[PDB]
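A short worksheet on the structure shown next.
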Amino acid sequence: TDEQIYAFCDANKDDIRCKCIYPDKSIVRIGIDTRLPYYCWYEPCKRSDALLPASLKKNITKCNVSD
(Lines give C-alpha, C1' and ligand atoms only; values in the text may rest on other atoms or scores of the structure.)
Protein backbone atom coordinates (compact mmCIF):
# COMPACT_ATOMS: atom_id res chain seq x y z
CA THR A 1 0.00 0.00 0.00
CA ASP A 2 1.17 3.53 -0.85
CA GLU A 3 0.56 4.74 2.72
CA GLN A 4 3.02 2.19 4.11
CA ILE A 5 5.69 3.25 1.59
CA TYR A 6 5.19 6.92 2.48
CA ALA A 7 5.48 6.19 6.22
CA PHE A 8 8.68 4.21 5.65
CA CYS A 9 10.34 7.06 3.75
CA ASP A 10 9.13 9.60 6.32
CA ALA A 11 11.30 7.70 8.80
CA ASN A 12 14.14 7.22 6.31
CA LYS A 13 14.28 10.47 4.33
CA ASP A 14 17.99 10.48 3.51
CA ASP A 15 17.96 6.92 2.17
CA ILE A 16 18.77 6.86 -1.58
CA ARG A 17 15.60 4.90 -2.34
CA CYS A 18 13.47 7.53 -0.56
CA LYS A 19 14.85 10.46 -2.57
CA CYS A 20 11.87 10.10 -4.93
CA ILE A 21 9.61 11.05 -2.04
CA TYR A 22 12.01 13.68 -0.69
CA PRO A 23 14.23 15.23 -3.42
CA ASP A 24 16.90 17.84 -2.66
CA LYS A 25 15.84 21.47 -3.19
CA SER A 26 18.03 22.09 -6.26
CA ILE A 27 16.35 19.17 -8.07
CA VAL A 28 12.89 20.63 -7.40
CA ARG A 29 13.91 24.03 -8.79
CA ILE A 30 15.46 22.45 -11.89
CA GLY A 31 12.23 20.51 -12.51
CA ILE A 32 10.16 23.70 -12.26
CA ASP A 33 12.46 25.60 -14.62
CA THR A 34 12.63 22.79 -17.20
CA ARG A 35 8.83 22.30 -16.92
CA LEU A 36 9.07 18.57 -16.26
CA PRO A 37 8.58 17.05 -12.71
CA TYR A 38 11.63 15.65 -10.90
CA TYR A 39 10.43 12.03 -10.85
CA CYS A 40 10.40 11.85 -14.65
CA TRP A 41 14.17 12.30 -14.99
CA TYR A 42 15.93 12.03 -11.61
CA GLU A 43 18.35 9.08 -11.36
CA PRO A 44 17.24 7.38 -8.06
CA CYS A 45 13.70 7.20 -9.48
CA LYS A 46 14.91 5.21 -12.47
CA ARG A 47 16.48 2.71 -10.08
CA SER A 48 14.83 -0.69 -9.86
CA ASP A 49 15.17 -0.81 -6.06
CA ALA A 50 13.45 2.58 -5.70
CA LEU A 51 10.52 2.94 -3.33
CA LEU A 52 7.75 4.26 -5.53
CA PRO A 53 4.02 4.41 -4.59
CA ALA A 54 1.42 3.29 -7.14
CA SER A 55 0.08 6.85 -7.08
CA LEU A 56 3.54 8.23 -7.88
CA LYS A 57 3.98 5.64 -10.64
CA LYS A 58 0.76 6.86 -12.27
CA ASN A 59 2.05 10.46 -12.03
CA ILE A 60 5.30 9.46 -13.82
CA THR A 61 3.16 7.99 -16.62
CA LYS A 62 1.15 11.23 -16.73
CA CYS A 63 4.18 13.47 -17.28
CA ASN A 64 4.58 11.44 -20.49
CA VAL A 65 8.25 10.55 -20.16
CA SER A 66 9.41 7.97 -22.69
CA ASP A 67 11.91 6.27 -20.39
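Ordering of the C-alpha coordinates sets the chain letters (A, B, ...), residue numbers begin anew at 1 in every chain, and ligands are numbered from 1 in the order given.
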Write out as a PyMOL selection string each polymer residue whose atoms come within 12 Å of residue 49 (chain A), counting only C-alpha atoms; drop sequence neighbours fewer than 6 positions from it.
chain A and resi 15-20+43
Which residues are near residue 27 (chain A)? Cut-off 12 Å, only C-alpha atoms, ignore same chain within fewer than 3 positions. Put them as a list in words.
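Result of the neighbour search: residues 19, 20, 22, 23, 24, 30, 31, 32, 33, 34, 36, 37, 38, 39, 40, 41, 42, 43 and 44 of chain A.
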In Å, with one decimal, what is the gap from CA of residue 5 (chain A) to CA of residue 53 (chain A)?
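Result for CA of residue 5 (chain A) versus CA of residue 53 (chain A): 6.5 Å, one decimal.
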Which is closer to residue 66 (chain A) than all the others in A:29, A:13, A:46, A:1, using only C-alpha atoms?
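Going through A:29, A:13, A:46, A:1 one by one, the smallest distance to residue 66 (chain A) is for A:46.
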Helix (DSSP H, G or I) positions in chain A, given as number ranges by chain
A: 2-11, 16-18, 25-33, 38-40, 43-45, 54-61
Rank A:8, A:14, A:26, A:2 by their smallest atom-to-atom distance to residue 57 (chain A), using only C-alpha atoms, and report the top residue only.
A:2
Residue nearest residue 45 (chain A) - candidates A:3, A:62, A:25, A:67, atoms counted: only C-alpha atoms
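With only C-alpha atoms as the atom set, the closest residue is A:67.
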